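Residue-level listing of the chains:
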Amino acid sequence: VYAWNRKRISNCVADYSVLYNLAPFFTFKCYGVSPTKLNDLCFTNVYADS
Amino acid sequence: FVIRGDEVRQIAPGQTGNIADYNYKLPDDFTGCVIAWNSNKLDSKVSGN
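Each chain carries its own residue count, beginning from 1 and running in the order its sequence is written; this scheme need not agree with the entry numbering, and residues with no coordinates do not appear. In the order they appear in the text, chains get letters beginning with A and ligands get numbers beginning with 1. Shown here is not the whole assembly but part of a larger one, and the values apply to the part shown. Note that the side-chain values use all heavy atoms of the structure and ignore hydrogens as well as water.

Draft legend 1. Looking closely at the overall build of chain B. Summing up its helical and strand segments, chain B has one helix and zero strands in all. Each principal axis of the C-alpha atoms in chain B carries an extent, and together these give about 35 × 20 × 15 Å. Residue exposure (1.4 Å probe, protein chains only): buried if accessible area is under 20% of the type maximum, exposed if over 50%, otherwise partly exposed. In chain B, buried positions account for 14% of the 49 residues. In this description, accessible areas are obtained by the Shrake-Rupley approach with a 1.4 Å probe, and a residue is regarded as covered only by the protein chains that are shown. Of the roughly 4400 Å² that chain B leaves accessible, carbon and sulfur atoms contribute 53%. Only DSSP runs of H or I with at least four residues qualify as helices, and only runs of E with at least two residues qualify as strands; both kinds are numbered from the N terminus onward.

And the structure:
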């Protein structure tokens, strides 16, 4: 938390339904969008963090 | 059904995962409950696949 990892990614066709087989207890609390609906919307820019 | 893991907890209207998709699914009303318990020492099978 002292030094974030913010990677402003570029254009791609990354399918958000890839981490569905991640480690157990993978919570998805989308406050504004829907988890299963992240397969048809075209977002402008994604700001990842870590 | 004998589904196991955190996919038991993910059983809900929507929230498509990796197991709950092609194992069991209800219409978008869910007019009922869902009972589940830890059957660790009950159905412990090594080669019961």
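Draft legend 2. Inspection of the interface of chain B and chain A at higher detail. Residues count as neighbours in contact if any of their non-hydrogen atoms are within 4.5 Å of one another. Facing the six residues of chain B at the interface are five residues of chain A. Throughout, the accessible surface (probe 1.4 Å) given up by two parts as they are put together, summed over both, is called the buried area. Together chain B and chain A conceal approximately 540 Å² of surface at their shared face, both sides included; 56% is due to carbon and sulfur atoms. Contact with chain A buries surface across chain B, with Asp6(B), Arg9(B) and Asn18(B) losing the most and accounting together for 60% of the total. Salt bridges are identified by distance alone: a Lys or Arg side-chain nitrogen within 4 Å of an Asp or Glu carboxyl oxygen. The interface formed by chain B and chain A holds zero salt bridges in total.

Draft legend 3. Looking closely at the packing of aromatic side chains. Working definition: rings of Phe, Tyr and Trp (its six-membered ring) pair if their centres are within 6.5 Å, and the pair is stacked with planes under 30 degrees apart, edge-to-face with planes over 60 apart, and tilted otherwise. Counted according to the given criterion, the structure contains two aromatic pairs over all chains. Aromatic pair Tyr16(A) and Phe43(A): ring centres 5.4 Å apart, planes at 85 degrees, arrangement edge-to-face. Since its relative accessible area comes to 38%, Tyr16(A) is described here as partly exposed. An angle of 35 degrees between the planes, with centres 4.8 Å apart, marks the rings of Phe1(B) and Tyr24(B) as tilted. In this pair, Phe1(B) sits in the segment before helix 1 (6-9) while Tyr24(B) sits in the segment after helix 1, placing the two residues 23 residues apart along the sequence. With a relative accessible area of 44%, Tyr24(B) lands in the partly exposed category.

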